[PDB]
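A short write-up of the structure that comes next.
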Amino acid sequence: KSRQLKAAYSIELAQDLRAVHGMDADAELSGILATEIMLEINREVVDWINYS
Amino acid sequence: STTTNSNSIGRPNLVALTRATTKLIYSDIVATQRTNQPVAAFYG
């Protein structure tokens with residue numbers, strides 16, 4: 001079974017985010033998405049344990 | 001959808017500063033010469 005998520009962002013975001021904060025705006029979204037998917041999976045495993 | 005409506009700003013860049021002042025021109029207008037006494041007296 002599959003699982004997936006989208007970033008959705010503008011160019012202007014990335015330009016300003018970099019200029020103001022030193023952060024990337026591609027990497028943070030990438031980080032959040034990859035992290036959230038694995039976090040949701042890890043939660044699924046413990047949920048099935050308590051379920052079963 | 002993350003855009004510039006989410007990414008707030010800290011401070012603006014000044015870019016430039018200006019100090020309007022009178023162009024001070026008198027050196028070329030008067031016959032300036034230092035005096036070394038409280039009183040000056042010119043010879044006609």
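Every residue, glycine as well, gets a Cβ built from its backbone with ideal geometry; the counts of neighbours run over all protein chains shown. Throughout, read-outs are computed from the coordinates displayed, never taken from laboratory work.
Name the single residue, out of those in segment A:1-39 being among the acidic types (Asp, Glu) and in a helix (DSSP H, G or I), that is nearest to the chain's Cα centre (by Cα).
A:36
Only one residue in A:42, A:50 is surrounded by 10 or more Cβ atoms within 10 Å (Cβ to Cβ), polar (S, T, N, Q) and over 29 Å from residue B:4 (Cβ atoms). Which one?
Sole residue among the options that is surrounded by 10 or more Cβ atoms within 10 Å (Cβ to Cβ), polar (S, T, N, Q) and over 29 Å from residue B:4 (Cβ atoms): A:42.
Which pairs do you get when a residue that is facing chain B (nearest Cβ under 9 Å) and on the phi > 0 side of the Ramachandran plot, found in segment A:7-29, comes within reach of a residue that is surrounded by 13 or more Cβ atoms within 10 Å (Cβ to Cβ) and small (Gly, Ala, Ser), reach meaning Cβ atoms under 6 angstrom, with the pair 6+ apart or on two chains?
Within 6 Å, the pairs are A:25/A:14.
Looking only at segment B:4-15, decide whether some residue is more than 14 Å from every other protein chain (Cβ to nearest Cβ), surrounded by fewer than 10 Cβ atoms within 10 Å (Cβ to Cβ) and under 22 Å from the mean Cα position of the chain (by Cα). Full working, then the answer.
Pass one, segment B:4-15, residues more than 14 Å from every other protein chain (Cβ to nearest Cβ): B:14.
Remaining after also requiring surrounded by fewer than 10 Cβ atoms within 10 Å (Cβ to Cβ): B:14.
From what's left, under 22 Å from the mean Cα position of the chain (by Cα): B:14.
The answer is yes; a qualifying residue exists.
Can we say residue A:47 is of a type outside the set (S, T, N, Q) and within 14 Å of chain B (Cβ to nearest Cβ)?
no
Out of everything in segment A:30-39 that is within 14 Å of chain B (Cβ to nearest Cβ) and of a type outside the set (A, V, I, L, M, F, W, C), what residue ends up being farthest from residue B:3 (Cα to Cα)?
Taking the candidates together, the pick is A:31.
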